[PDB]
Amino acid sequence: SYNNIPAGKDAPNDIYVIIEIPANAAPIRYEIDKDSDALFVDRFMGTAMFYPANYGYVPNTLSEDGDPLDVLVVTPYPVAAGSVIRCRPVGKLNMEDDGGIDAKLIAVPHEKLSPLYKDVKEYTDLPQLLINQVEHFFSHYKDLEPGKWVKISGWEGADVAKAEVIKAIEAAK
């Protein structure tokens, strides 16, 4: 049970993220059931696109999606599906979808995992093309799913990124 994994070692700036879809992976949406812990294939993406970064969730949280809080982690090389990355939140990606709103945070590995992003304090420190690529992926990856839309709102800093994790931690209590 992935519930055994804490939301981190020192939340907010130390979250664990269980990866469901690796970066640059096959065009397949995976989602982890929270009763069997198995990797469920949600949909074979219609668009000819791939995820710009690893995307998963923080364990033992709850937002207004009904499901835990979604995270996108940037790594030097994609991680295996079902893996847990000790990362640090550095931004929040707000956007409106068919069923209300959705909010993704962008994350980055920790001191002991990788020195690559010691200078990444907030999402603006990542390369501009990546941020532009992350926005472009979510706006268009569901363009062939009938009835489903996505519109990108704006970005928010790490301090508010590290805020929504604070509120999702006890919303699961």
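Note that residue numbering follows the sequence shown and begins at 1.
- Mean CA temperature factor is higher for 161-169 when stretches 14-22 and 161-169 are set side by side in the entry.
- Look at the mean CA B-factor for 132-140 and for 34-42 in the entry; the higher one is 34-42.
- Across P115, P27, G66, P127, the greatest Cα temperature factor reported in the deposited entry is at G66.
- In the PDB entry, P109 places in the middle third of its chain by CA B-factor.
- Annotation for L62: CA B-factor lies in the highest third of the chain's modelled residues.
- The PDB entry assigns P76 a C-alpha temperature factor belonging to the lowest third of its chain's modelled residues.
- Sort the chain's modelled residues by C-alpha temperature factor and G56 lands in the highest third, per the entry.
- When all modelled residues of the chain are sorted by CA temperature factor, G99 is found within the highest third.
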